[PDB]
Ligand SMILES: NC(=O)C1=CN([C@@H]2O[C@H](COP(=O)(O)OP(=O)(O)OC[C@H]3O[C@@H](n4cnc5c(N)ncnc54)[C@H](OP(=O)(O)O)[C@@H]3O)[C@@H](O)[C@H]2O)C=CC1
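Given as structure tokens, the chain that follows is alone and in the form deposited without this ligand.
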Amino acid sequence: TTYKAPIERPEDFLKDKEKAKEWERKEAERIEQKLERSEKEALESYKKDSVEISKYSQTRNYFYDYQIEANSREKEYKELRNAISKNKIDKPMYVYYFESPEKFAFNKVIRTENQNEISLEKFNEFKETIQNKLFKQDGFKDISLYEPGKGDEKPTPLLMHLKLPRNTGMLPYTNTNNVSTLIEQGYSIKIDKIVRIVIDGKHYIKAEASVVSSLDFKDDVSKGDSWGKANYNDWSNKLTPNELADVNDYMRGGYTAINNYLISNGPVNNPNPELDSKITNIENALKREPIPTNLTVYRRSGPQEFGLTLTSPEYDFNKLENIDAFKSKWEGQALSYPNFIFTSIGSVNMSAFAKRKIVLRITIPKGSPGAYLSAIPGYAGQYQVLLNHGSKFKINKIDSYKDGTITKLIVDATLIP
């Protein structure tokens, strides 16, 4: 019933370092026979410039499609992505790695380098920060296959114990006097439980984490449009002639009137029965074929969405002070939208929003109201998913990147049911 792996291994090697490194070394040799010349060369370049290449793979998808094509770092990325994608795992693998608590927007110190005990106050504070949240992990990363011990490098007070699902690309490889295992990440994680462990006389927080399956097309708008059409090609017929007419009017210009009406508290301090009817029909059309799976969508936000303007001194993210302030005000907070939200299945930059500094990366839970509007023919909108009005987004983490000379932000948010 079950596939017989070429080299047998448990799901979790636990603290057994010998079984783990032995398996890792045999699989590194076995996988070497499957690789192309270009893929081995990519692995050699990775051994020399691991930091720049991993950094590139984290934010490469936020650029224009032609910029991604022209980027000299793209070929190395593609080869190293394919090298990993060749070895998709046959069954789950629990992996270990140290993380900075800052990756989960925890700004306090759990314990210092010299310290040995973690207070229950700091542990409960950390638990409150990571509970009921999904965090996006992205880019090339080396991980360990066993729980770190006394003779191992343990750079932080935080040990991640992550379960990688079946079919995750996982590449053990022989380095320069060591064996390592490389992954591409590119998933949402949830920290199910945090425990206080002790390794060589010091306390560490061990966070039991799992991958929460999600569809993330990133720069692959072709694969994303194929999904949207396979799921929403028949959507317009599921609607009443009036719901379809109000979706088309909204989609093709009526959004300006309706959105301003909702944003200016119109339904309360100036009701428009004609506009209220349109809103009700569009809301009901989004409840007809709910989002069928967890889906990551991207929105290039205007500064107005975060109470800013193009001339606000706080909208200058090239100043580390302004990045710190935006994160202080928003990380861990809820973002509420009175209007319907236009989002894309693709992360790429577009000429209509070229200068927009805040990229809102929304994970949409399965069953949420929403629809792939781009399945309706004759629509100018590129790879769009519309979300319901009055939606709330929990911001989990905010990151930054250089778009040429302009620093921009990536707000990793979850749609709240």
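One rule holds for the numbers: they count along the sequence shown, beginning at 1.
Omitted from view is the form solved in complex with this ligand, to which the following refers.
Student: Quick check: do 191, 365 and 368 each get a heavy atom within 4.5 Å of this ligand in the deposited bound form?
Tutor: Looking in the deposited bound form, the three residues 191, 365 and 368 all stay beyond 4.5 Å of this ligand (heavy atoms).
Student: From the candidate stretches 274-282, 116-124, 238-246, 255-263, select the single one in contact with this ligand in the deposited bound form, where contact means a heavy atom within 4.5 Å.
Tutor: So the stretch in question is 255-263.
Student: Going by a heavy atom distance of 4.5 Å, is residue 92 a contact of this ligand in the deposited bound form?
Tutor: Taking the distances in the deposited bound form, the answer for residue 92 is no, it never comes within 4.5 Å of this ligand.
Student: Can you work out whether residue 390 and this ligand are in contact in the deposited bound form, taking contact to mean some heavy atom pair no more than 4.5 Å apart?
Tutor: Close contact is absent here: in the deposited bound form, residue 390 is far from this ligand, nothing within 4.5 Å, heavy atoms only.
Student: Using the partner position in the deposited bound form, report whether residue 45 sits within 4.5 Å of this ligand, counting heavy atoms only.
Tutor: Contact with this ligand, no.
Student: How about residue 384 - does it come within 4.5 Å of this ligand in the deposited bound form, if we only consider non-hydrogen atoms?
Tutor: It does: once this ligand is placed as it appears in the deposited bound form, residue 384 has a heavy atom within 4.5 Å of it.
Student: Could you spot which one of 208, 314, 305, 220 gets a heavy atom to within 4.5 Å of this ligand in the deposited bound form?
Tutor: Going through each option in turn, the one that passes is 305.
Student: Using a 4.5 Å cut on heavy atoms, which of 165, 292, 332, 338 is close to this ligand in the deposited bound form?
Tutor: Checked against the cut-off, the match is 338.
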